[PDB]
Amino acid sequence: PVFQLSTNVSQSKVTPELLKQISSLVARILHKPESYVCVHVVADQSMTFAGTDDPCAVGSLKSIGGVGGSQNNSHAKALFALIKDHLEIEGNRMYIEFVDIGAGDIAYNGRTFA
């Protein structure tokens, strides 16, 4: 399970503790061990949303399962909640994409999972 986020806010707000809290939350919402969670947050990007350069973000959560349907709604609410409290990005200027990956299409330690 991989969570990636791009934002135009300052790298000052992207603390190593934020990455930890994201990691923990992703493990919880996907019901997978945190030992497999990878988090990547990218700051101070050149980004617009709705034509303006005000604070915004685009992210994605990629997983083998756990990313289909109304579960994505509940999971979104939590991720949006965490990202705003820490990065102060309004919900109406952020997207998070949910991407289901096949076991044969992701390699860990040199081999696919299936």
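Note that residue numbering begins at 1 and tracks the sequence as displayed.
- Legend: mean Cα B-factor per stretch from the PDB entry, 58-66 versus 74-82; the higher mean is in 74-82.
- Of the two segments, 95-103 and 8-16, the one listed with the higher mean B-factor is 8-16 (C-alpha atoms only).
- Listed residues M47, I89, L30, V39 were ranked by CA B-factor as deposited; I89 comes out on top.
- When the modelled residues of the chain are ordered by C-alpha B-factor, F113 sits in the highest third.
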